[PDB]
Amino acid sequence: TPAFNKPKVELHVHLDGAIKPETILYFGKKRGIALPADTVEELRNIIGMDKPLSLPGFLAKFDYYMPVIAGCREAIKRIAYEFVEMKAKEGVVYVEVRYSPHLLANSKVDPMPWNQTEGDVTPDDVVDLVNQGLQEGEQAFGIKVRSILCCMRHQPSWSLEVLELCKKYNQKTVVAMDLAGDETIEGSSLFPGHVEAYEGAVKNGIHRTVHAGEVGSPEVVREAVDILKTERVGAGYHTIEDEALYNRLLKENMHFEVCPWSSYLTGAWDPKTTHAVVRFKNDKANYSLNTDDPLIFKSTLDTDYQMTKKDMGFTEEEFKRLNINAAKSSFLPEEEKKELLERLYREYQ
């Protein structure tokens, strides 16, 4: 019994965070790379989390499985393909999947991710592979899907190349650039590589999103918006701690990519306080409801919908509104953007 059984738009989900345990298991065995378990069930208890941790503590779960996926072309394309399929089943009509192309390469990257052995899967090759998987999926489960390439807070030396990958693959699935990773890393928002990568996104008209205010302070959000020029804030819950900042983002109609379940499990949100999306709903803010890393959170898009419904008083009207705003806030070009809005209004009749 779904909380909102109608078309949805998802703007914040990590491809490397939305993989099938069965596919992880499949590639570990197939490539002979070890996993912390040999059963999807136990594999799910290891990778998965059911209790709040920290952002740094949540980010480590990727260590368990990324090594069986990274560097494998067959695996990179497959997870992309299975991703559309999963979203299609969730009643998502449009989705932007994000991921770091560097963390899945085994060539032309430095530091080599996961102590991998050099190979031929270059970062560009990864983008190409995901596009192919994503394309085959759209054209098979019939949902529209775009991708977003992530700069990693810890590795700014990779940022300018991410930008280049966005330029080269512009709308050839890639619609934007993100800044993901450990938001606790003091000053990561200000590292030259990142800063310079965004400055170029602005001059070359490459869309921009940035995780900020998930666990960091208002100043992290302020810098994402003012220095990095984000068009959207991933999470952004901590903005409400700076009344002035919030009101001004509210005025600019800043879009907040909200992930309810994820915020509890990463400690982004203290469960003894009211969720910031409650205030967002009440101030009629521009915001989407997203899944983030469903593999690790052992969830689905309905988990976040059921949570807001059951615990935060969300009605179908708010569900409709947030998704129309998500559509408007997407990085789809005008024509397609309108086509999306048209479908929502049609189906929302």
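One-based numbering along the sequence shown.
Look at the mean CA B-factor for 170-178 and for 273-281 in the entry; the higher one is 273-281. Mean C-alpha B-factor is higher over 245-253 than over the other stretch, the pair under comparison being 245-253 and 211-219. The maximum CA B-factor among the listed residues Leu289, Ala37, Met307, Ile47, taken from the PDB record, is found at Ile47. In the PDB entry, the Cα temperature factor peaks, among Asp302, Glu316, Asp293, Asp63, at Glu316. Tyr94: CA B factor lies in the lowest third for its chain, per the PDB record.
Placement of the Cα temperature factor of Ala18 within the chain: lowest third of the modelled residues, per the deposited record. Ranked by C-alpha B-factor against the other modelled residues of its chain, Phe191 falls in the lowest third. The PDB entry assigns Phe83 a C-alpha temperature factor belonging to the lowest third of its chain's modelled residues. Placement of the Cα temperature factor of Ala326 within the chain: lowest third of the modelled residues, per the deposited record.
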